[PDB]
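Chemist: Submitted below is the structure of interest, expressed as structure tokens.
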Amino acid sequence: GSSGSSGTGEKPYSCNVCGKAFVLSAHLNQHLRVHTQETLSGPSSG
Ligand SMILES: [Zn+2]
């Protein structure tokens, strides 16, 4: 169990916050929200 999940052609968009990926930009933005949101859970992006 050394290698992760085998795949081809890594998505251009990636969530550099928690650890996600997306094919398009709009998809990534929708996600980033969960991070760029005012809450008392953890460190925000801004
Ligand atoms: Zn994320």
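Note on naming: chains are A, B, ... as they come in the structure tokens, residues start from 1 per chain, ligands start from 1 in the order shown.
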Can you work out which residues are within 7 Å of ligand 1, considering only C-alpha atoms and all ligand atoms, and then hand them over as a list in words?
Modeler: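 Every residue with an atom at most 7 Å from ligand 1 is listed here: residues 15, 16, 17, 18, 19, 20, 31, 32 and 35 of chain A.
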Chemist: Restrict the selected residues to C-alpha atoms and save them as a short mmCIF file (atom, residue, chain, number, x, y, z; two decimals), in the first residue's frame.
Modeler:
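Output saved as part-v4.cif:
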```cif
data_model
loop_
_atom_site.label_atom_id
_atom_site.label_comp_id
_atom_site.auth_asym_id
_atom_site.auth_seq_id
_atom_site.Cartn_x
_atom_site.Cartn_y
_atom_site.Cartn_z
CA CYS A 15 -8.33 22.16 -4.22
CA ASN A 16 -5.17 23.36 -2.48
CA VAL A 17 -7.04 23.53 0.82
CA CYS A 18 -8.24 20.08 1.86
CA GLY A 19 -7.37 17.79 -1.03
CA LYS A 20 -9.77 17.61 -3.97
CA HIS A 31 -16.16 23.54 -3.56
CA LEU A 32 -13.69 26.19 -2.39
CA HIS A 35 -13.46 26.81 2.78
#
```
Chemist: Please return, as a list in words, all residues of chain A that DSSP assigns to strand (DSSP E) on the basis of the backbone.
Modeler: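 Reading the DSSP output for chain A, strand (DSSP E) covers residues 13, 14, 15, 20, 21 and 22 of chain A.
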Chemist: Emit the selected residues as a compact mmCIF listing (two decimals), in the first residue's frame, including C-alpha atoms.
Modeler:
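Written output follows (out_20.txt):
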```txt
# COMPACT_ATOMS: atom_id res chain seq x y z
CA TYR A 13 -8.13 22.18 -11.26
CA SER A 14 -7.26 21.12 -7.71
CA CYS A 15 -8.33 22.16 -4.22
CA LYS A 20 -9.77 17.61 -3.97
CA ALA A 21 -9.79 17.81 -7.77
CA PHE A 22 -12.03 19.09 -10.56
```
Chemist: Check the smallest atom-to-atom distance from each of A:1, A:38, A:44, A:9 to residue 23 of chain A using only C-alpha atoms, then report the winner.
Modeler: A:9
Chemist: Quick one: DSSP helix (DSSP H, G or I) residues in chain A, as a PyMOL selection string?
Modeler: chain A and resi 25-35
